[PDB]
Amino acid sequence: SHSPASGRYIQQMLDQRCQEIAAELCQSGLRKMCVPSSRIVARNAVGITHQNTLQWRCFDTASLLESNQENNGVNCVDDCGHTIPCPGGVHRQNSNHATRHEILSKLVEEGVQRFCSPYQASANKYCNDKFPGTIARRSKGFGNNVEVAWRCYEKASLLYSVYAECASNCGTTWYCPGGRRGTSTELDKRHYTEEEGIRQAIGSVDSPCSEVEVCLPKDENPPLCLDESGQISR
């Protein structure tokens, strides 16, 4: 019934916030922002010409390109607050968007506290300490679509639509958006396999449960800590 997988709760909150922002702007007279909520998503991306940094912005999906080149791909966010390539690209002349970097950043920060597994956080911190900008997944490498290993992946090499293994809030198997296909493109090379280091980072996290409790993971912190059953007479 319920899957061991990220609910993408941060991204969901950002999209709803962006839908509210577009509606406010519509009420201020900004005609192009008067749209149903299905047209509005939050993406972290470049904007129009000269808007060349990654910022959180509210986009009208009817203005996004189906594909992107270098530079102009859009990014979504995992539940540990990392931005990862999502389908689509910014039309640099024609984009219909509203940049809202402060409020959306604040919502990401708040959402990280709720939704980010401390075991995943540890793995991500290891990777970023060692290789700035990278995050941890147990996923595919270059030119091999079967084998998985814990690696520090450059975020631009991940696909938000592809789920890959990450650490649950009990340090158990979970799956998160931002994965590899194991294909053989240049981007498929952009990672550092670190089995021992990531595993050590994961193993170093203190359990939220006592040693007389069983940790059952959840998609939001904290996990369930159930009293382990006794050596009962059955």
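All residue numbers are counted from 1 along the displayed sequence.
Coverage remark for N68: present in the model in all other entries compared whose chains are built on both sides, leaving no third without it.
Here the stretch with the larger average CA B-factor, out of 41-49 and 64-72, is 64-72.
Judged by mean Cα B factor in the deposited record, 129-137 ranks above the other of 158-166 and 129-137.
As recorded in the entry, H91 carries the highest CA temperature factor of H101, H91, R151, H82. Across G171, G29, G179, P208, the entry's maximum B-factor at the CA atom is seen for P208.
Per-chain ranking of the deposited C-alpha B factor places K106 in the middle third.
Ranked by Cα temperature factor within the chain, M33 sits in the lowest third according to the deposited record.
Among the modelled residues of its chain, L216 has a C-alpha B-factor that falls in the middle third, as given in the PDB entry. For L187, the recorded CA temperature factor ranks within the highest third of the chain's modelled residues. Remark: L224 belongs to the highest third of its chain, ranked by C-alpha B-factor as recorded.
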